[PDB]
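Chains as they are written, first to last, in the deposited numbering: chain X, 2 to 9, 11 to 49, 51 to 106, 106A; chain W, 1 to 52, 52A, 53 to 82, 82A to 82C, 83 to 100, 100A to 100H, 101 to 113; chain B, 128 to 175.
Pasting the structure below:
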């Protein structure tokens, strides 16, 4: 029900980035990851790690027993954004602090 | 298709009633549950609740209990809410989004398909 | 059951979800029409 995540993450460009969104019993809870870029409104990119069409096949992941992971492939300069992991729990939505991706 | 365009930034005094709304102008007003989420700088996203136009059932958030009066009418094709007892710390950017469904238990089988440009609010004191 | 006057689109259908593949809740979405004007008769019973 409560979400805690690292304040930020850094990775070199073109590498595989793994992001963990730890919580309390988030397995089988339909966690959704969103993307918000500086100066642009948030967009939908994940809804079990499932990616909407028209979005390049760069976002993927898996949902473990008590953890959700997001894998990034083909990272580019335009990936600067903040990722928020949320789920529909108890007929309510909870938004985490979010992680800022830094690319050298 | 839907755009969810809304009004721009507004300037008002502290302690006054705040009224904001989002208008589609695109697809049907009904058939898409409308959600509002608050965006603040360095504080994450905040969820207040949701209102289903056709169903007319509105759900509230734990922190926004009683401080918001969300209403939606199909005839006017517009959704709006009344906010009061807002402090300077509560100031942030509000966003509106759709869900593509009008069922209470179906919302979890969907996501925020479309968002709004964001209507920043400034409080003068 | 609804013997009621409303318009049907060119391809009415229903949207179904399985609640995390649990196959228990089995919810549905009523994407079949957009009106219920002049609604006359209704009936409910055990599903066929």
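Positions of the beta carbon are idealized from the N, C-alpha and C atoms, including for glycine.
Paired residues, beta bridge with residue i - DSSP
| i | result |
| --- | --- |
| residue 88 of chain X | X:35 |
| residue 9 of chain X | X:103 |
| residue 82B of chain W | For residue 82B of chain W, which the question treats as bridged, DSSP gives no partner whatsoever. |
| residue 73 of chain X | X:21, X:64 |
| residue 6 of chain W | W:22 |
| residue 164 of chain B | Answer by DSSP bridge pairing: none, since residue 164 of chain B is not bridged. |
| residue 110 of chain W | W:11 |
| residue 83 of chain X | None; residue 83 of chain X has no bridge partner. |
| residue 65 of chain W | DSSP, once it has assigned bridges, lists no residue as partnering residue 65 of chain W. |
| residue 169 of chain B | B:129 |
| residue 70 of chain W | W:79 |
Range of the contiguous beta strand (DSSP E) that encloses residue i
| i | result |
| --- | --- |
| residue 45 of chain W | 45 to 51 |
| residue 136 of chain B | Where residue 136 of chain B is concerned, there is no enclosing beta strand (DSSP E), given that its DSSP letter is neither H nor E. |
| residue 50 of chain X | Missing here is residue 50 of chain X: after 49, the next number in chain X is 51. |
| residue 156 of chain B | 154 to 156 |
| residue 98 of chain X | 95 to 98 |
| residue 58 of chain W | 57 to 59 |
| residue 142 of chain B | 142 to 144 |
| residue 90 of chain W | 89 to 94 |
Check your understanding: Going along the region 149 to 166 of chain B in order, which residues come within less than 9 angstroms of chain W, judged by CB to CB distance?
Key -> 152, 154, 155, 156, 157, 158, 161
Practice item. Using a Cβ-Cβ cut-off of less than 9 angstroms, list which residues of the region 15 to 29 of chain W approach chain X; keep chain order. Key: Listed in sequence order: no entries.
Point to revise | Near-chain W residues of the region 13 to 45 of chain X (beta-carbon distance less than 9 angstroms), N- to C-terminal order | key: 31, 32, 34, 36, 38, 43, 44, 45
Check your understanding: Which runs of the beta strand (DSSP E), 3 residues or longer, sit entirely within the region 19 to 43 of chain W?
Key -> 34 to 39
Check your understanding: Touching or not, the region 87 to 95 of chain W and the region 137 to 154 of chain B, by the rule of three or more beta carbon pairs under 8 angstroms?
Key -> no
**Study point:** Cβ-based contacts, 7 angstroms cut-off: residues of the region 30 to 47 of chain W near chain X
**Key:** 44, 45, 46, 47
Review point. If you pair each beta-carbon of the region 59 to 71 of chain W with each one of the region 40 to 50 of chain W, do three or more pairs fall below 8 angstroms?
Key: The region 59 to 71 of chain W, when compared against the region 40 to 50 of chain W, does touch it at the 8 angstroms Cβ threshold.
Check your understanding: Does the count of Cβ pairs from the region 131 to 141 of chain B and the region 153 to 166 of chain B closer than 8 angstroms reach three?
Key -> yes
Check your understanding: Does the count of Cβ pairs from the region 26 to 41 of chain W and the region 51 to 61 of chain X closer than 8 angstroms reach three?
Key -> Counting C-beta pairs closer than 8 angstroms gives fewer than three between the region 26 to 41 of chain W and the region 51 to 61 of chain X, which falls short of the contact rule.
**Study point:** Selection of the region 128 to 148 of chain B by Cβ proximity to chain W, strictly under 7 angstroms
**Key:** 144
Review point. Is there contact here, the region 23 to 30 of chain X with the region 6 to 20 of chain W, by at least three beta-carbon pairs under 8 angstroms?
Key: These segments do not touch.
**Study point:** chain W contacts made by the region 52 to 64 of chain X, where a contact means CB separation under 7 angstroms
**Key:** none
**Study point:** Residues in the region 73 to 90 of chain X having any Cβ partner in chain W nearer than 7 angstroms
**Key:** 87
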